[PDB]
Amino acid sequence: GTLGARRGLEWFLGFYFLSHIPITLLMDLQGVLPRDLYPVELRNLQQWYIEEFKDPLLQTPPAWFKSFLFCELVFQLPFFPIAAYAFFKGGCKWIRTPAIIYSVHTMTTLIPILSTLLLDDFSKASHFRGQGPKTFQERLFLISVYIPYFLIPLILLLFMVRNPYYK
């Protein structure tokens, strides 16, 4: 019938947050959670992503990146079902301030991630021991997996600051 732009974005936000739950549990937190909570097929799927996409941070996370991973588990993950509910339902003014908090937190998390992937040395002679992108194409093929987690928080932040239906 009639699907408006506001309501389409809210459905999009619901699927972003519903999809983030398995992504966080089964892939992102492989570097902090014990391996034995994962079946071998899921651990080898984890290995496939790291080999194909040349990811230097997820499997063996540095301290700065490991601190963001514990924020994902302890702060972001409980919020994902609540935000999925609110944006699927659509009329929830009580999601404004928590969504802005999430959006700023996640955009700030991803600035150093994207800068490290674009600018740092991931060679054998580095501490990443060659498990990172070497070519400019390998850097941008990996950034492509992280960039929606900056941009979609950026869209959510703009939506929540200006939408009269949430203030």
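Quick note: we count residues from 1 along the sequence shown, nothing fancier. We call the rigid core the largest set of C-alpha positions that still match within 1.5 Å between the two forms.
Between stretches 94-102 and 129-137, greater average Cα displacement in 4 other deposited structures of this protein relative to the shown form, fitted by the core, falls on 129-137.
Farther from the shown form on average, by C-alpha root mean square after a core fit in 4 other deposited structures of this protein, is 116-124, of the stretches 49-57 and 116-124. Just going by the entry, 42-50 versus 122-130 on mean CA temperature factor gives the higher value to 122-130. For the segment pair 156-164 and 1-9, the entry gives 1-9 the higher mean B-factor, averaged over Cα atoms. The maximum CA B-factor among the listed residues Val32, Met107, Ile100, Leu114, taken from the PDB record, is found at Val32. Among the modelled residues of the chain, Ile95 sits in the middle third by CA temperature factor in this PDB entry. When all modelled residues of the chain are sorted by CA temperature factor, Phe80 is found within the middle third. Ranked by C-alpha B-factor against the other modelled residues of its chain, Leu142 falls in the middle third.
In the deposited entry, the Cα temperature factor of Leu57 sits in the middle third of values across the chain's modelled residues. In the PDB entry, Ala63 places in the middle third of its chain by CA B-factor.
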